[PDB]
Amino acid sequence: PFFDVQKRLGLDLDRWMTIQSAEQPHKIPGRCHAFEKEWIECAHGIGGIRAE
Amino acid sequence: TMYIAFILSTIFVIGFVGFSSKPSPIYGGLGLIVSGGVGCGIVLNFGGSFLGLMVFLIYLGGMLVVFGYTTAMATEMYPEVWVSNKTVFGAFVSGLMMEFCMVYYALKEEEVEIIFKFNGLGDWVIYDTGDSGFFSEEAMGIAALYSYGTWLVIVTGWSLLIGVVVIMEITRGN
Amino acid sequence: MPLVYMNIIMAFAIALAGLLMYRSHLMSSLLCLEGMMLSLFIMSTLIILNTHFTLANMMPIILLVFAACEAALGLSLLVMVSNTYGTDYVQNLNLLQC
Amino acid sequence: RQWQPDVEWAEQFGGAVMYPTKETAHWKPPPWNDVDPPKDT
Amino acid sequence: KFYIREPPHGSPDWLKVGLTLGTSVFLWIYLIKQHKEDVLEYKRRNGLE
Amino acid sequence: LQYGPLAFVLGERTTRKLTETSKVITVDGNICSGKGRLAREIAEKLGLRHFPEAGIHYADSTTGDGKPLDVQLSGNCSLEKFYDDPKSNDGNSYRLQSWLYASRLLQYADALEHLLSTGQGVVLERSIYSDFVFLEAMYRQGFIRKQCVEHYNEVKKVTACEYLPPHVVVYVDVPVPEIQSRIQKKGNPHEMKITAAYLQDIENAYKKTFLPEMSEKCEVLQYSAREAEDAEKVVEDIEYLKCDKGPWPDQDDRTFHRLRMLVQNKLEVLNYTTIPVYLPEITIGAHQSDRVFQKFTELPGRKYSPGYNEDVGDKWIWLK
Amino acid sequence: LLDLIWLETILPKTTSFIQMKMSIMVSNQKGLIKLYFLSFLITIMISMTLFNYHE
Amino acid sequence: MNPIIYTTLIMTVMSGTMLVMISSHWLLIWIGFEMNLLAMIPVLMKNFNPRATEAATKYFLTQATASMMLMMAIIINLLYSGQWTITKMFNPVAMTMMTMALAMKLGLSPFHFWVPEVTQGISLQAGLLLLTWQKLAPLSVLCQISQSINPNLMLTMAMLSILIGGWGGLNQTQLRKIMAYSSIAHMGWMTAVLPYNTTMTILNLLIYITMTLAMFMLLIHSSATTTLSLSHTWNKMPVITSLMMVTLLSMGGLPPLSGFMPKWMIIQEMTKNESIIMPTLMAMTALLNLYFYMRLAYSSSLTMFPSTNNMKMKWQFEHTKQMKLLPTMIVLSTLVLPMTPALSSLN
Amino acid sequence: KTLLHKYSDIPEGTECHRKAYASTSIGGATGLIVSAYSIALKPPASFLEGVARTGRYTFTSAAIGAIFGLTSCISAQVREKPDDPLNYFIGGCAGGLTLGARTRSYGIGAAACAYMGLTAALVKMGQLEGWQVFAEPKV
Amino acid sequence: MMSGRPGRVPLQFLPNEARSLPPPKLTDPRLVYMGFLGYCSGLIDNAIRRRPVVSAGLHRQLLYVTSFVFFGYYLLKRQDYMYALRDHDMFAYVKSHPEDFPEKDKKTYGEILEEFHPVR
Ligand SMILES: Nc1nc2c(ncn2[C@@H]2O[C@H](COP(=O)(O)OP(=O)(O)OP(=O)(O)O)[C@@H](O)[C@H]2O)c(=O)[nH]1
Ligand SMILES: [Mg+2]
C-alpha cells in the first residue's frame with residue numbers, strides 16, 4: 001500500500017484474499033498451494049529485484 | 001457432446017459482436033442477455049453454480065430488465081431496427097469473420113499468438129483431479145464474505161447506500 | 001491458455017471496441033460497458049474456479065455489484081440528458097467545445 | 001500619462017478563442033452564468 | 001456609532017483571542033521542552049554526557 | 001453566526017417562519033401614480049415591511065453610515081440630467097438605467113433577505129421585474145442604442161433568474177393626462193419636461209408586457225386611482241388571493257437555504273451587473289476607474305473593513 | 001532589412017507563428033464524445049501494436 | 001444539495017481516494033476508484049445546468065471506461081500470477097492496459113480531451129476538487145507500480161501532455177480551460193520523472209496542488225471565469241490580482257519562486273539517468289504555459305483594463321465568506337524555494 | 001521497431017535503394033498514423049473525402065521519407081562520409097523542400113528545410129554519440 | 001529508493017533511531033525562515049481580509065509565526081534524519097562492496113602528463 005495503515009494498526013483489511021496460500025475456509029487447498037508457498041518462501045525479504 | 005464450453009464461448013463472442021455493433025438498444029440488450037445466458041452456462045460447466053445463477057438472477061433479471069425498461073422509455077419515434085444501417089451489418093460481419101478465422105486458426109494450429117499465446121488442446125484438459133468432499137468449494141468461498149470479508153462488506157454496503165443518495169441527488173433535476 | 005479464455009478475452013476486446021466506436025445512442029455505449037463488465041465477470045470466475053482460489057470466489061460478486069452501481073449512475077445521467085434534449089444522442093453533448 | 005488598455009485593446013480577449021479562424025467562426029462565448037436556455041419544450 | 005449595521009468584527013472575539021494566545025503559548029512551551037529533552041536524548045545516546 | 005451550512009444543519013429552517021402573510025408585494029404604476037400611499041398603508045395595516053423605491057443612493061443607504069455618497073463615487077448618473085437632456089452624448093440615460101436597476105437588484109435581495117430571515121412580508125415600490133418599462137420607454141423615444149437594450153436584457157436574464165417573483169403584483173392605473181396634471185401639480189421643473197409620449201410608452205409597457213407576464217406566476221391586483229385610495233379594499237383583495245401560481249408554492253427548506261445563501265451574499269447578487277460588455281454609456285476608462293476608486297477608498301470608514309477603521313472610531317484593531 | 005525584418009522573421013516571429021498554428025490545431029475541437037473515444041481507440045491500438053509496449 | 005449530503009459526498013470522494021492509497025489488494029484499489037467516481041459525479045452536477053450535466057456525463061464515460069480497462073488489467077495479471085497484491089505487474093500487456101487506464105483517469109495527453117471540457121462545464125469549486133484531489137489516487141497507484149511501467153509509453157504520454165497543455169492553453173480566454181491545460185502540462189511534468197524517482201513525482205504534485213488551490217481560491221474570491229471578467233478585479237480588489245500575478249509567475253516556474261523547484265529537481269534527477277534531450281525539450285516547452293500565464297498577468301495586474309459604471313456598487317461591499325488557508329496557500333506557492341532540501345522528508 | 005530496424009541495420013551510404021525504401025516506409029506509416037488521428041478528430045463529410053485526405057497525408061509523408069533517404073544516402077556514398085551529420089542535414093533540408101512543394105509554399109519549404117535538416121543532423125549526432133531519447137532508469 | 005528499506009515502520013514521521021542525531025538549533029536559519037513564512041502568511045491574511053496589514057490581529061500573526069516554526073522544527077528533524085540515513089546506507093554499501101569501490105592509486109602532477117593547449 002502507498003500508506004501501509006494495515007501494518008501500522010495491525011489490521012488485516014485485505015491481505016487475507018491477497019494470495020491463494022493464505023488461510024482458507026475449511027482448510028480447502030489452493031490448486032497451486034505448494035508452488036505459491038515455495039515461491040513466497042524463496043522470495044521473502046530479499047526485495048523484488050533480487051527475487052525476480 | 002464432447003465440446004460444450006467451446007460452442008458456448010463462440011456463441012458468447014457472437015452475441016458480443018451482435019450487441020457491440022450497436023443496433024437499436026433493444027436488440028443490443030437482447031444480444032447482451034443471450035451472451036449473459038451462455039456465459040452463465042459457461043461458468044455452470046466449470047462448477048460455478050452459484051455464480052452463474054447470480055449472473056442470471058441479478059444481471060439478466062435485474063440490471064438487464066432495468067436496461068430494457070429504460071430503453072423502452074428513452075428511444076426514437078420509430079425505434080430503430082438492426083437492418084436500418086449498413087454500418088451495423090458491416091461491423092457484425094467483420095466481427096463474425098474475425099471470430100471464424102481465429103477459431104479456425106486456433107483449432108487447426110493450437111499455437112496462435114494474437115496478443116496472448118493460446119492452445120485449443122481442449123477445455124476439459126485444464127481441470128484438476130480431486131474430490132471437494134461434502135461441500136461446494138465455491139459456496140464456502142462466497143459464504144466467507146461475512147467471516148473473512150468484513151472489510152469488503154463494509155465498503156460495498158457503504159457504496160450501495162451512497163449510490164442511493166447519489167441517484168437521488170442527480171435525478172432531482174434542479 | 002485454453003480457448004475458452006481466448007474467446008472471453010476476445011469478447012472483452014469486442015466490447016471495448018464497441019464502446020470506443022460510438023454511434024448516436026448513449027444506451028448502446030452503456031450496453032457495451034455492460035458487456036465489458038460481463039466478460040470481466042466470466043474471466044474472473046473461470047480463473048478463480050480453475051485455480052480453486054476459494055476466498056477469491058467472492059470477488060465476482062463484488063465486481064458485479066459495483067459495476068451495477070456504476071450502471072445505475074450512468075442510466076441516471078442518460079435520463080437527465082434525454083430530459084434535456086428529448087433523445088440520448090451524444091451529438092447533443094457538444095456545447096462544451098465553447 | 002501612461003498608456004492603459006482601452007476597449008479596443010480589451011476586446012481582443014473577449015472572443016470565443018484567442019486566435020479566431022474560420023472553423024471557430026460559429027463559436028460564441030459561453031453564457032455568463034454557465035446556463036443554456038431550455039430548448040423547445 | 002458610525003456604521004448603520006453592526007459590523008461582524010466590531011469588537012474582539014474574546015473566546016477566539018484567548019484561544020489563539022493560549023494555543024500559541026502552548027506551542028512555544030511544547031517546542032522548547034521538546035528541544036531540551038531532544039538535546040538530552042542526543043547527549044545520552046551518543047555518550048556526550 | 002451568519003446564516004451558513006452550519007446554521008441550517010442544526011436548526012435553521014425558514015418554513016417554520018413562513019406564514020399566510022409572509023408575502024412579498026410589489027406596488028407599481030406610472031410616474032406620479034401614487035404608489036407611495038398604496039404601498040405605505042398596505043405595509044402599515046397588513047403588518048409588513050415597506051421599502052421606499054430604490055434610488056441612486058439606495059446602496060449608500062444600506063452600507064457605511066447609511067448616508068448618500070457623492071454622485072461621482074456612487075451612481076455617476078443623474079435623473080435631473082435625464083429630464084433636461086435625455087438624448088445627451090454622455091450615455092447618462094443608460095448609465096442611470098443600469099445603476100438604478102442594480103440598486104433594484106440590491107433592494108430585492110435585501111427584501112428577500114428580511115423575508116427569509118425573519119418571516120415577515122415586505123412591500124416594494126417597483127422591482128427588477130418592472131424596471132424594463134423605463135428602458136423600453138426610453139428606447140421608443142430613441143434614447144438608448146439597440147446595443148444598450150441587449151446588454152440590459154443580458155444582465156436581467158442572468159441576475160433576475162435567481163430570485164422568486166412577488167406573491168402579489170398591485171398596479172395603480174392612472175391615465176396619461178392625469179399623470180401629466182399631477183406632474184404639473186407638484187412643480188418639479190425636471191419632471192415638468194416629461195413628454196406625454198414617454199409616459200404613454202411607460203403605460204404601454206406596463207399594460208402589454210408587465211401585467212400580463214406577472215399574471216402567470218403571481219396574482220396581479222389592478223386598481224385605478226379611485227380604488228387605490230381605499231387601502232382597506234386593496235388589502236381585502238390581497239387577503240382573498242389563493243397564491244397557487246408560480247414557484248412559491250413548490251418551495252421547501254432545501255431551496256430556501258440556497259436562496260438565503262445567495263441573497264445574504266451581496267457581492268454574488270451584484271456579480272453579473274458588471275459583465276465585460278463594453279458599451280460607451282457605462283464603460284469606465286482605466287485612468288478614471290483608478291482615480292475614482294482611490295477617492296472612494298479615501299472615504300472615512302471605507303478603507304479597510306467595518307470595524308477596522310480607526311479614523312472613524314474603531315478600537316482593538318490589534319486583537320481583531 | 002536585418003533588424004526589423006529578417007532578424008525578426010527567423011527566430012521570434014516564425015517561432016511565435018508555429019506556436020499559434022499548433023495551438024489552433026490542438027485547441028479547436030468539436031467537443032464530441034464520439035471523436036474523443038475514437039481517438040482513444042486509435043491510441044489504445046497503437047500502444048498494443050507498432051509502439052512496442054505489450055511486448 | 002443538503003449540506004450534510006454534500007459533506008457526505010465529499011467525504012466519500014476522499015474515502016475512495018484513501019481506499020486506493022491504503023489497500024494492498026487490487027480489488028480494493030478498484031473499489032476505491034469506483035467509490036470515488038460514484039461520489040464525484042453528483043458534486044460535478046451541483047449547479048445542474050446542461051453544461052454541468054454534459055461535463056458530468058463526459059467525466060463518467062471516461063472514468064468508467066478507464067475503470068473497466070483497469071479491472072481487465074488486474075484480471076490478466078491474476079491470470080498469469082495468481083497475485084492480487086499491488087506490486088510489479090507480472091504480465092506486459094496487463095501492464096500496458098493498466099498504464100493506459102491510469103493515464104486516462106489522470107487525463108494525460110492522448111486521453112486529455114475530457115479535462116478542458118469537464119473543467120469548463122463545472123463550477124470553480126468542483127474544478128478545484130477535480131484538478132487537485134482527483135490526481136492523488138492514480139498517481140499513487142503509478143508510484144506503487146512504477147518499477148514495472150514501460151518507460152517509453154510513460155515518457156511519450158508525459159511529453160505529449162506537456163506539449164498539448166502548452167499549445168491548447170495558448171488559445172484560451174476561459175479561465176477554467178486555461179487551468180485544465182495547465183493541469184495537463186503539470187501532469188506531464190509529474191509523470192515524466194515517475195520512472196526514475198517517485199519522490200520527485202510527490203514533490204511536484206504537492207507544489208502543483210498548492211499553486212492550483214491558490215489560483216482557484218483567488219478565482220472564487222474574484223468570481224471570475226473569463227479573462228475579461230478577471231480584468232475587472234483590479235478595480236475592486238487589487239491585492240487579489242497582485243497575489244494572482246505572483247502565483248502565475250510561480251506556475252511558470254520562474255525563479256526564485258516555488259514553482260521552479262519541481263522543474264529544477266526533475267531536470268537534475270533526469271540528467272542523473274543520462275536523460276538530457278527530454279529535460280531540455282520539457283523546459284523549452286513550458287515556455288508556452290509561461291506565455292499564457294503572462295498574458296493573464298498582463299490583463300489582470302500588470303495593466304489596467306477598462307472597468308464598468310456598476311463597479312462602484314461593489315466597492316461598498318465585503319465578501320460574505322472567506323477562502324480557508326488561502327494566505328498559507330499563497331505563501332507556500334511562492335516563497336518556499338529556500339526550503340528545498342526538506343524534500344528528503346518525502347523519502 | 002522492425003520498420004526502424006530495417007532502416008538502421010543497413011549501413012549509411014550503401015544500398016541507396018534499400019535505404020530509400022525503408023525511409024519511404026517510415027514516412028508512409030507516420031502519415032497513416034497522422035491521417036488516422038485527423039480522420040478521428042476532424043471527420044470528413046464523406047468516405048471518399050476521408051480517403052483523399054488519408055492519401056494526401058500519406059503521400060506527403062512517404063515522399064518526405066523517400067527524398068530524405070535518397071539524398072542522405074547518395075550524399076553519403078558520393079562523398080564517402082557515412083558518419084557525417086551533414087548528409088543527414090542535406091536529407092532533412094530536401095525533405096523540407098518536398099514538404100514545401102507538397103504544400104506548394106516557399107515559406108513552409110524554407111522553414112522546413114532549416115528545421116528538418118537541423119533535426120536530422122541532430123539525430124545523426126545522437127546515433128554517433130549514443131544520446132538517449134528515452135533513457136532507461138539507472139540510479 | 002527508500003520505500004522498502006528494512007525496519008521502516010509505516011506512518012511514522014520520526015523513527016526512534018532519529019533521536020541519536022543532534023536536534024536542530026532553535027535559531028536555525030531554516031527555522032527562522034519558517035517563522036518568516038508564517039509572518040508573511042499573517043501579513044497576506046490581513047491584506048486579503050482587508051485589515052491593516054501590519055498592526056491588525058497581533059495574536060493571529062503571532063499564531064501564524066509560532067505554528068509555522070512548530071511545523072518547521074519537526075520538518076527539519078525528519079529531513080536531517082533522512083540525510084543521515086542516506087549517508088549511513090552509502091557508507092555501509094561502500095564497505096560491503098570493496099570491489100566496486102577500489103582504492104585509486106594516487107599520482108602527482110610531476111608524473112602525470114597533462115596536455116597543454118595554447119591560447120594564441
Ligand atoms: N429613467 C428612469 N427613471 C426612473 C426609473 N424608476 C424610477 N424613475 C424615476 O423615479 C422618479 C420618482 O417618481 P416615481 O416613483 O416615478 O413617482 P412618484 O412621484 O413617487 O409617484 P407614484 O408613482 O404615484 O408613487 C420619477 O422621476 C421616475 O421617472 C427607471 O427605471 N428609470
Ligand atoms: Mg415609487
Side-chain angles (χ1 to χ4, degrees), chain A residues 12-33 36, chain B residues 36-37 39-64 127-128 130-160 163, chain C residues 4 8 37-71, chain H residues 23 25-31 34 71 74-75 78-79 82-85:
Chain A
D12 184 12
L13 296 194
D14 55 21
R15 305 235 293 160
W16 52 273
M17 199 183 348
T18 234
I19 56 174
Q20 77 179 247
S21 35
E23 193 227 323
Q24 298 294 316
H26 298 288
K27 286 320 180 342
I28 300 156
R31 187 173 173 167
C32 296
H33 169 87
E36 214 200 34
Chain B
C40 155
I42 293 159
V43 311
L44 288 166
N45 269 336
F46 267 77
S49 212
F50 185 89
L51 280 163
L53 289 180
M54 274 331 99
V55 180
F56 267 177
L57 187 48
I58 269 70
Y59 201 72
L60 256 47
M63 170 103 108
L64 311 165
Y127 289 44
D128 73 307
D131 184 7
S132 100
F134 250 105
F135 46 52
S136 167
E137 180 242 340
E138 195 226 327
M140 296 312 69
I142 293 188
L145 178 73
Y146 292 109
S147 63
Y148 285 75
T150 288
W151 188 232
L152 224 49
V153 173
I154 286 162
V155 305
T156 304
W158 177 258
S159 303
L160 282 163
Chain C
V4 57
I8 300 319
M37 170 267 254
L38 166 69
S39 62
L40 292 181
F41 183 96
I42 291 172
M43 198 45 183
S44 301
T45 304
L46 262 44
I47 296 160
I48 264 49
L49 296 173
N50 179 71
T51 67
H52 295 275
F53 199 154
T54 295
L55 278 174
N57 287 325
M58 76 191 63
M59 176 255 159
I61 310 305
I62 300 315
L63 170 79
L64 170 60
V65 300
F66 271 82
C69 203
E70 289 307 311
Chain H
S23 317
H25 197 295
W26 272 114
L27 173 67
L28 268 304
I29 291 159
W30 186 82
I31 291 321
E34 299 296 320
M71 191 29 95
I74 294 158
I75 292 166
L78 174 83
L79 169 68
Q83 296 311 312
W84 290 105
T85 312

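No hydrogens, no waters, no symmetry mates; every other heavy atom, side chains included, goes into these values. By convention in this document, chain letters (A, B, ...) are assigned in the order of the sequence lines, proteins followed by strands, and residues within each chain are numbered from 1.
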How about C/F66 and H/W30: do any of their side-chain heavy atoms sit closer than 4.5 Å?
-> yes

Euclidean distance, A/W16 CH2 relative to B/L152 CG, rounded to 0.5 Å | 5.5 Å

A/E36 (side chain) donor-acceptor with A/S21 (main chain) under 3.5 angstrom = yes

Are B/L145 and C/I62 close enough that some pair of their side-chain heavy atoms sits under 4.5 Å apart?
-> yes

Please round to the nearest 0.5 Å and tell me the distance separating atom CG of C/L46 and atom CG of B/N45.
-> 10.0 Å

Interatomic distance, CZ@C/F41 vs CE@H/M71, rounded to 0.5 Å, equals 12.0 Å

Provide the closest heavy-atom pair for C/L63 versus C/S44 in the form atom of the first, atom of the second, distance.
-> CD2-OG, 4.5 Å

Would you check if the side chain of A/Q24 reaches a backbone N or O of C/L55 as a donor-acceptor pair within less than 3.5 Å?
-> yes

Do H/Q83 side-chain atoms and A/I19 backbone N/O form a donor-acceptor pair below 3.5 Å?
-> no

Work out which heavy atom in B/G141 is nearest to a heavy atom in C/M58; give both atom names and the distance.
-> O-CE, 3.3 Å

Take B/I142 and B/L51, measure what side-chain contact (heavy atoms from CB on, under 4.5 Å) needs, and give me the verdict at the end.
-> CA-CA 9 Å; B/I142 293 188; B/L51 280 163; 4.0 Å; yes

In short, side chain to side chain donor-acceptor pair (under 3.5 Å) pairs touching residues 49-69 of chain C with sequence neighbours left out are A/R31-C/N50, B/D128-C/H52, B/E137-C/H52, B/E137-C/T54

Identify, with sequence neighbours excluded, every residue that meets ring-ring contact (aromatic ring centres under 6.0 Å, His included) alongside H/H25.
-> H/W84

Heavy atoms only: give me the nearest C/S39-C/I8 pair and the separation to one decimal.
-> O-CG2, 3.5 Å

Please assess H/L78 against C/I48 for the test side-chain contact (heavy atoms from CB on, under 4.5 Å), listing each intermediate value before the final yes or no.
-> CA-CA 9 Å; H/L78 174 83; C/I48 264 49; 3.5 Å; yes

What pair of heavy atoms forms the shortest contact from B/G37 to B/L60, and how long is it?
-> N-CD2, 3.6 Å

Roughly how far apart are C/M43 CE and H/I74 CD1, rounded to 0.5 Å?
-> 14.0 Å

Step-by-step side-chain contact (heavy atoms from CB on, under 4.5 Å) determination, B/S159 to H/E34 | CA-CA 9 Å; B/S159 303; H/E34 299 296 320; over 6 Å; no

Which atom pair, heavy atoms only, marks the closest approach of A/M17 to H/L27?
-> CE-CD2, 4.2 Å

Are B/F46 and B/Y127 close enough that their ring centres sit under 6.0 Å apart?
-> yes

The complete set of ring-ring contact (aromatic ring centres under 6.0 Å, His included) pairs with one or both residues in residues 130-153 of chain B, sequence neighbours excluded, reads A/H26-B/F135

Minimal heavy-atom distance between C/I61 and B/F50, with the atoms involved, is CD1-CE2, 4.3 Å

Measure the CD-OG distance between B/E138 and B/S132 for me, rounded to the nearest 0.5 Å.
-> 11.0 Å

Determine, stepwise, if the pair H/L28 / B/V155 fulfils side-chain contact (heavy atoms from CB on, under 4.5 Å).
-> CA-CA 9 Å; H/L28 268 304; B/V155 305; 4.3 Å; yes

Within a strict 4.5 Å, meaning less than it, do heavy atoms of the B/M63 and C/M37 side chains meet?
-> yes

